[PDB]
Amino acid sequence: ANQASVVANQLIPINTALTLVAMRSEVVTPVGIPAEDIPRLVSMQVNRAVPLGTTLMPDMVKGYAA
């Protein structure tokens with residue numbers, strides 16, 4: 001229901017570290033990474049470019065296990 005996910009607040013380039021300016025929370029479908037894990041995601045790198053407004057999915061973040 002209102003399970004919110006991490007959404008790209010700006011484009012995140014391939015192989016670049018996640019910052020707090022880059023991740024917002026939003027109720028989207030399909031469900032991606034829980035918004036509650038944003039602190040945890042800071043400094044982890046994405047393995048692909050993530051366009052503005054894309055939901056961060058588990059497979060996009062290098063080293064993410066939940």
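No hydrogens, no waters, no symmetry mates; every other heavy atom, side chains included, goes into these values. Positions are given from 1 along the sequence.
- Nearest heavy-atom pair, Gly53 versus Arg24, reported as atom, atom and distance to 0.1 Å: CA-NH2, 3.7 Å.
- Between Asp59 and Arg48, the shortest heavy-atom contact is O-NH1, 3.3 Å.
- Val28 and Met57 fall into different hydrophobic clusters, defined by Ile, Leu, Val, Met, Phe, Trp and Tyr side-chain heavy atoms under 4.5 Å apart, directly or through other members.
- For the atom pair CG (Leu11) and CD1 (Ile14), the distance works out to 11.0 Å, reported to the nearest 0.5 Å.
- In summary, of the residues considered (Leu41, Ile38, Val7), a side-chain contact (heavy atoms from CB on, under 4.5 Å) with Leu56 occurs for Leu41 alone.
- Within the 4.5 Å cutoff, no side-chain heavy atoms of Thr55 are placed close to those of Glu26.
- Between atom CG of residue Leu18 and atom CD of residue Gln45 there is a gap of 8.5 Å, rounded to the nearest 0.5 Å.
- Residues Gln3 and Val31 come closest through the heavy atom pair CG-CG1, 4.3 Å.
- Rounding to the nearest 0.5 Å places CG of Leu20 at 11.0 Å from CG of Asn9.
- Closest approach of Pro34 and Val6 over heavy atoms only: O-CG2, 3.7 Å.
- Summarising the geometry of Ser43 relative to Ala17, their closest heavy-atom pair is O-CB, 3.9 Å, with the distance given to 0.1 Å.
- Between the CE atom of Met44 and the CG atom of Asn47 there is a distance of 11.0 Å, given to the nearest 0.5 Å.
- The closest side-chain donor-acceptor pair between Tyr64 and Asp37 falls under 3.5 angstrom.
- Among all heavy-atom pairs drawn from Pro13 and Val46, the shortest one is O-CG2, 3.3 Å.
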